[PDB]
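In the block that follows, a single chain appears as structure tokens, in the form deposited in one PDB entry.
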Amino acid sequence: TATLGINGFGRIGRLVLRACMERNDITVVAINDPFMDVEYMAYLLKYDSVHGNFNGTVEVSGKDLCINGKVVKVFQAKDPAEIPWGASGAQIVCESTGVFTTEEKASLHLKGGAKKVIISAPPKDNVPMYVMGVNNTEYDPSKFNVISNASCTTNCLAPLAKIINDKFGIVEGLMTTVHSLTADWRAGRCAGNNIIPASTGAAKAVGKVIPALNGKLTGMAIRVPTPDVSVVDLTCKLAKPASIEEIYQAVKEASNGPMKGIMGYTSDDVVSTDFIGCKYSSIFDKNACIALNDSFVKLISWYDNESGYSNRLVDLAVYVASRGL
């Protein structure tokens, strides 16, 4: 059974733990964050404005945490190499501080006894990025000790882009993602009452996760005042004509097939809040989609930027473990 260590007890780190506590194939054994006291960590785990109260009990034991009775070690080393991951028994480390997004820095965890490291964000260098259901099987334990689970936006676009490209072929595509606040001068403006244009490298990252799409996609983001749940607006030109119904069918096939639990779909009159807590990486909104003609369409896909991503990072760890440490 895989054991996890979390560095950076932020939104992501906290959600990863919550996702583990609900699973029987992965256990969180230790957490590290030099900027959080044990009591504060407990408080932050027990209450959340988006995901509700923690499903279980959280208490402080000495210097550590006792979650649902299980003990979770709590460290505060500003240097990855000094985090007793090994003594803690943590085999895989979830690097979610957003400060060690390079093999160089992230690999320091191995010096702490860790066998593998997953950066919860795209890397600054060439660390391989993996998107569950899209290219995770390309991972080779005998070649990589530090990998990346890309970003929340990339995890929404990649699976949809892959299904579409595989079936009809994407000649070119432009994406706009409408981001909730949990998903540059503009960025500093009041988030509560503004629609804010922003940058996202998701479209390009998809080009890396899916080589065939390199140079064929690019996009931007638009931040809106909602707390959680985002949407991908992908308008692309198809190499082979196709209707929304056929696109819908191809997505349904993948969703019920090779991408079970990763790609989802709906034909209901849903809105943002209906996906809070949804574990899917990408949910196709059939009725929201529109097409000018059989080769120029606009696809809409939902994603709980927090839940989907966090659960994918856990799926990735579990998968890594399954490949042998």
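All residue numbers refer to positions in the sequence shown, first residue = 1.
Taking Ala183 and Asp184 as adjacent modelled residues, how many residues of the deposited sequence between them have no coordinates (none, 1 to 3, 4 to 9, 10 or more)?
-> Unresolved stretch here: 10 or more residues.
Looking at the entry, does 20-28 or 299-307 show the higher mean C-alpha B-factor?
-> Result: 20-28.
Going by the average Cα B-factor in the PDB entry, point out whether 70-78 or 199-207 comes out higher.
-> It is 70-78.
Top residue by Cα temperature factor, when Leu160, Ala212, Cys152, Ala114 are compared in the entry = Highest C-alpha B-factor among the listed residues goes to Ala114.
Going by the CA temperature factor in the entry, name the top one among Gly133, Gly219, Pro227, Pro241.
-> By C-alpha B-factor in the record, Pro241 ranks first.
Going by the recorded CA B-factors, say which third of the chain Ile290 sits in, lowest, middle or highest.
-> It falls in the middle third of the chain.
Third of the chain's Cα B-factor distribution that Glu245 belongs to, per the entry = Middle third - that is where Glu245 ends up once the chain's C-alpha B-factors are sorted.
Compare the C-alpha B factor of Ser267 with those of the other modelled residues in its chain, then answer lowest, middle or highest third.
-> Within its chain, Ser267 is a middle-third residue by C-alpha B-factor, going by the deposited values.
Sorting the chain's CA B-factors, does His179 end up in the lowest, middle or highest third?
-> Lowest third.
Among modelled residues of the same chain, the CA temperature factor third for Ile276 = It falls in the bottom third of the chain.
Just so you know, the form deposited with a small molecule bound exists too; it's not on screen, but the next bit is about it.
The small molecule in the deposited bound form: within 4.5 Å of a heavy atom of each of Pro241, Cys289 and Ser295?
-> No, the whole trio is out of contact, none within 4.5 Å by any heavy atom.
The small molecule isn't shown here, but in the deposited bound form, which of 59-67, 32-40, 273-281, 258-266 has heavy atoms within 4.5 Å of it?
-> Contact criterion met by 32-40 only.
So, in the deposited bound form, is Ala187 in contact with the small molecule at a 4.5 angstroms heavy atom limit?
-> Contact check for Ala187: no, nothing within 4.5 Å of the small molecule in the deposited bound form.
Does the small molecule get within 4.5 angstroms of any non-hydrogen atom of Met129 in the deposited bound form?
-> It does not: once the small molecule is placed as it appears in the deposited bound form, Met129 has no heavy atom within 4.5 Å of it.
Report whether the minimum heavy atom distance between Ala121 and the small molecule in the deposited bound form is within 4.5 Å.
-> Yes, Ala121 is a contact residue.
Contact of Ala77 with the small molecule in the deposited bound form (heavy atom, 4.5 Å) = Answer yes; at least one heavy atom of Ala77 falls within 4.5 Å of the small molecule in the deposited bound form.
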